[PDB]
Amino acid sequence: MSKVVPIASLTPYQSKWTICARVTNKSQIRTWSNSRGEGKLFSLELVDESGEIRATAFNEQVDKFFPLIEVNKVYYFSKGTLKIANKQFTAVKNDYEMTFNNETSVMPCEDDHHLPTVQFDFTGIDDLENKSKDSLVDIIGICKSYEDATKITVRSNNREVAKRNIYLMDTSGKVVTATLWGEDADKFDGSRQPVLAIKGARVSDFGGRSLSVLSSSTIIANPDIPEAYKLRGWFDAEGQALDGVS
């Protein structure tokens, strides 16, 4: 049954395909009526290692699949059609969208195949130097070292906020400073040298190039992802590597 192929390789009019993906999001059933009558639909956003794709099931397939598909699980999806996407209605970047037909099947999986839990589009650390200030990025690297947190308070009131710098490195030997605030800064645990995947960080040139972890950014620690393994694994092997700013 592993004739599965990557989401990012689906093009319209493709012979046939079957993908392995985690459902990261699912809408509620949508209903509409027009001169022709009523209709209903729901959408999912599927994720695998290579990418992401938004999918929609209409009328009958709503009845069938709505109840059979829960949020963070993994499933084998096969046969559906693909078309150019309506990017004005989604943040998914994929050039195409998948729509279910009445010969579309969805099979639950035993394990998660080490599929990510959110969509990550990683800019290797060595490529951060190319991104313009203020641009968003998803990165992943191992912790080279970390500073202690500082409590920054406003003298007038009781507002106060932890700030903290950490330093990551991937297999390219390059390091970036990532800045953490509030909850993230406080909670950091540099124990056992963790791999951090960071989604939606912002590149800052303020005070020197770096990456700011916004409230809106997401940080996953040691996700069970092949990239996280490649890193950790490469550290053990050749993690006696010195370092390199930027």
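Position 1 is the first residue in the sequence shown; the rest follow in order.
The deposited model assigns a higher average Cα B-factor to 231-239 than to the other stretch when 15-23 and 231-239 are compared.
Between 96-104 and 109-117, it is 109-117 that carries the larger average Cα temperature factor according to the deposited entry. The entry assigns its greatest Cα B factor, within the set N86, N157, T150, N165, to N157. Listed residues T179, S43, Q61, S217 were ranked by CA B-factor as deposited; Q61 comes out on top.
For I7, the recorded CA temperature factor ranks within the lowest third of the chain's modelled residues. The entry lists a Cα temperature factor for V71 that places it in the highest third of the chain's modelled residues. In the deposited entry, the Cα temperature factor of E38 sits in the top third of values across the chain's modelled residues. Sort the chain's modelled residues by C-alpha temperature factor and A91 lands in the lowest third, per the entry. Ranked against the other modelled residues of its chain, the C-alpha B-factor of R54 as given in the entry falls in the lowest third.
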